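*Asks:* Any chance you could fold what I've pasted below:
(3 chains, ligands or ions: 3)
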Amino acid sequence: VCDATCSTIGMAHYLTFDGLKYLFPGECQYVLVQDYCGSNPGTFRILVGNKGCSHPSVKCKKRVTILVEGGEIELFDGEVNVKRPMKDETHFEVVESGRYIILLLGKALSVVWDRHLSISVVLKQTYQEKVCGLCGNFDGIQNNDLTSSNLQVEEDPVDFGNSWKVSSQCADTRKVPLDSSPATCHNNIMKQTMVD
Amino acid sequence: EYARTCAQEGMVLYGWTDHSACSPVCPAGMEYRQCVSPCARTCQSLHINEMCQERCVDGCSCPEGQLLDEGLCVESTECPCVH
Amino acid sequence: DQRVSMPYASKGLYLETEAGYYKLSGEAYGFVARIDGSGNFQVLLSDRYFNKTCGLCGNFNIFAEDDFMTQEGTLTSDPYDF
Ligand SMILES: *[C@@H]1O[C@H](CO)[C@@H](O)[C@H](O)[C@H]1NC(C)=O
Ligand SMILES: [Ca+2]
Ligand SMILES: [Ca+2]
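*Replies:* Numbers count the residues shown, from 1 in each chain, chains lettered A, B, ... in the order given. Ligands and ions are numbered 1, 2, ... in the order given. And now the structure:
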């Protein structure tokens, strides 16, 4: 079994480990992936937080706070910041090479950041259903990645990620009416072809 | 006002409303605490911690148990589910 | 004019309730507003506007006597016409 990979393709889209693109425009902070899931120790708690990102635009500068080995290292605005160094510094590593920030944290964990929006965490064969969050469980089963925090599969992802917000009192997102055209391309068929 | 104005300066006061015979108004189930955390552990919440290192803010909040659920204080046993 | 529900988070302004009291946070723009049940406006504002702002809550300088500088900019003794 190979090494799976989350992703945030664009502003509000999410690709699971087992592979499931889904749409989720959010504005609160959310649990992308963690280990503290059900009946586990709960080593790492990768989080993500966007702001003004329900509608993609030049806005939506992401914030990412990753919580491993009792540390607090986070990133946004081009650079990474250590708010609390973690204990075992030996596994720590940062490779600013090319356009990316490649970022290891251990034997079976690695993060990649395009400096702009994308979040491509890479997990090894170790876990095999030891995680949960917005990327699913990493079990191989591809249609059980929408197991909400209240432990049931949901059919509608906009309700799913609402189950994974951190601040349980911020504004949950709105069920958008479904259409093939976003706001600008809505009734702008001319533009809609040029973009196509 | 004088309570908060001192509190903002970096020196907070405590329990002054106990004998003042005036408490600020709040809805049912809550009354005025002083220096409650903003991250009120509510009912339908994820059990994560040590992100809410924010400063401490005054205001009214639930009793010791009686978790928040939709603008009221309800006992922790009866936390519903949502779908 | 369209009455919206609450909470509400558009355009980087999180419109939330805290401790049973309503809050409007503009941390990107460096302010936090709120109201209590009785109705008491409060504005926590970032030191970025030190010596910069001027309105009804006076300038964010150190001095507490000069902070009536009118919309033209005039130290007016009166707290009323200001
Ligand atoms: C405020 O700005 C004015 C005009 O630039 C300057 O003359 C003055 O020294 C400043 N005062 C403070 C307290 O920064
Ligand atoms: Ca799965
Ligand atoms: Ca002043």
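
*Asks:* Which strand or helix spans the closest residue to chain A within chain B?
*Replies:* Nearest residue of chain B to chain A: residue B:45, at 4.0 Å (Cβ to the nearest Cβ). Any C-beta I mention is one placed from the backbone N, CA and C, and that applies to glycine too. For residue B:45, there is no helix or strand it lies in under DSSP states H and E.

*Asks:* The one 3 residues further on too?
*Replies:* Element membership of residue B:48 [criterion: DSSP H and E] is none; it lies in no helix or strand.

*Asks:* what about the residue lying closest to residue A:37 once chain neighbours are set aside, neighbour count?
*Replies:* In this structure, residue A:37 finds its nearest non-sequential neighbour in residue A:132, 4.1 Å apart by Cβ to Cβ, 6 or more residues apart in numbering or on different chains. Residue A:132 has 23 neighbours, counted by other Cβ atoms under 10 Å in any protein chain shown.

*Asks:* what bridges to residue A:21?
*Replies:* For residue A:21, the beta-bridge partners are residue A:15 (DSSP bridges).

*Asks:* could you point out the longest helix in chain B?
*Replies:* In chain B, taking DSSP state H as the definition, the longest helix is helix B:2-8.

*Asks:* all strands of the chain, in order?
*Replies:* You didn't pick a chain, so chain A it is. A:4-5, A:14-15, A:21-22, A:29-30, A:33-34, A:48-49, A:64-66, A:72-76, A:79-84, A:93-97, A:100-106, A:109-111, A:122-123, A:132-133 (DSSP state E).

*Asks:* wrong one, I was asking about chain C
*Replies:* C:14-18, C:21-25, C:31-35, C:42-45.

*Asks:* how about the second one, does it get close to chain B?
*Replies:* Yes: using Cβ under 8 Å from any Cβ of the partner chain, strand C:21-25 reaches chain B at residue C:21.

*Asks:* contact partners of that strand?
*Replies:* Contacts of strand C:21-25 from elsewhere in the structure, counted by Cβ atoms under 8 Å, 6 or more residues apart in numbering or on different chains, are B:26, B:59-60, C:6, C:13-17, C:31-37.

*Asks:* of all of chain B, which residue lies closest to ligand 3?
*Replies:* Per Cβ to the ion, residue B:5 is where chain B lies closest to ligand 3, at 14.5 Å.

*Asks:* The residue in chain B that chain C sits nearest to: helix or strand, and which one exactly?
*Replies:* Residue nearest to chain C within chain B: residue B:59 (2.4 Å; Cβ to the nearest Cβ). Element membership for residue B:59, per DSSP H and E: strand B:57-61.

*Asks:* Tell me what angle that strand forms with strand C:21-25.
*Replies:* Inter-element angle recorded for strand B:57-61 and strand C:21-25: 140 degrees (by axes from the mean of the first three to the mean of the last three Cα atoms, to 10 degrees).
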